[PDB]
Each structure stands twice: as C-alpha cells, then as structure tokens.
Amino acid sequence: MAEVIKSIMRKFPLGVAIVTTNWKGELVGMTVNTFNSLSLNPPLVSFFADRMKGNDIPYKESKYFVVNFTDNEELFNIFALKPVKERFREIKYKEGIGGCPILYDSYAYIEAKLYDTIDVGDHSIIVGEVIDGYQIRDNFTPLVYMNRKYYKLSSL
C-alpha cells in the first residue's frame, strides 16, 4: 500500500514551501509539499513532519515556525537535498519571530506560533497559529511539485 500511495502521489501536483525554525539556536528548515491552511477561526496552518527522519523534533521543541513561499527552485533543492549544516551558509536570510529564519528570496511568508502537534502514523501534524503574514513581492512565478519536478502553471 506504501507503493500505491507513492505512485498516485507522483502524479498529484502539490504546492511547495520551505518551513523553518530556530531550534535552540540552530537554524533549520525543510522543503515540504504538505503545507496547507487548516482553520480560519482560529487562524491555523499545518504541515506534516516525518517522525522516522526526526523532522518533527525541531518544531515540537520550538515555540514558532516560519513558512517561506518562494519561486526559486534552487532553494527547494537546498532545503530537500543538502546537509543540514550547509543550508543557511548559501542563502540570504534574516531572523524573525523567535529567531526563525525568513528567506530573502521568499515572495511571501507566514509567522506562526506552535499551536499543536499530533502524531498520526509515521508523521506528526505540525499546526501553527498565524501571528503575522507578509506579501513582500507581487511579481512571482508559483511552482508546483509533481513527479520529482517543479512546474510553472500554464498559464499564470
């Protein structure tokens, strides 16, 4: 059933973002395709963090996280492929709420306070309450992830 899920999801296009946090002083983040809005009242957003890889731990142990929306495919690859210690060496960033890194190449971001975490199977649902949101750049090319690739939309 695992390979059934992967085969169908491979052809199921999903928006991508880079979630980050300041985990006891360590700047960390990751490319995710599970980001969404969950609730409006209260205003909550969520993503799924892999428990087997320990991706849930930083968010569970930090009071805040940032969701970075970017159209730079290089950034998505960095925050998926490169060693954790190397990720924040190559990119321009500033610190935001709780010291969470805001990526310079983001056209928008959300600052969230950790609201809840719910372990369900081999992932944890990380839920943040939206404290602030920013649209920094109005001209961007939104990407979606499908079949290991990052596509632009035909046509806008």
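Throughout, we count residues from 1 along the sequence that is shown.
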query	finding
Stretch exceeding the other in mean C-alpha B-factor - 102 to 110, 25 to 33	102 to 110
Between the two ranges 93 to 101 and 66 to 74, the one averaging a larger CA B factor in the entry	93 to 101
Given 52, 57, 44, 125, the residue at which the Cα B factor reaches its maximum	52
Lowest, middle or highest third - CA B-factor, residue 115	middle
Ranked C-alpha temperature factor of residue 131 among modelled chain residues, by third	highest
Residue 20 - Cα temperature factor, lowest/middle/highest third of chain	lowest
